[PDB]
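Quick setup: one chain, the form deposited without its partner chain, written in structure tokens, and binding and motion questions come after.
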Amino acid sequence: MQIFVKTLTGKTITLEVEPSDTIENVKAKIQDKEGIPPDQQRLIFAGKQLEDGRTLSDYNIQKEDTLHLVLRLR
């Protein structure tokens, strides 16, 4: 399924994912597309800060949901 990850400027990063993909895996996909190291990425959905070891399904993320990406220096 596709999900969207919005950056601070409103850019959409579209990812192809499965419900059993982890947040670690999502950050790896973002690194591959955008070149941003996973350790610099913070993902948020429905007000929750998303933990690397949990899955999309653990957060009830569904097709075409919009996550937010916030970045940190390092």
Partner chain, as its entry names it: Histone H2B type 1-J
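Numbering follows the first chain given and starts at 1.
**Student:** Between 41 to 49 and 26 to 34, name whichever shows the higher mean Cα B factor according to the PDB entry.
**Tutor:** It is 26 to 34.
**Student:** Please compare 61 to 69 with 10 to 18 and say which has the higher mean C-alpha temperature factor in the record.
**Tutor:** If you average the C-alpha B-factors of 61 to 69 and of 10 to 18, the larger mean comes out for 10 to 18.
The discussion below concerns the form solved in complex with its partner chain, not included here.
**Student:** Using a 4.5 Å cut-off on heavy atoms, what residues in 12 to 36 are near its partner chain in the bound PDB entry?
**Tutor:** Sequence-ordered list is empty.
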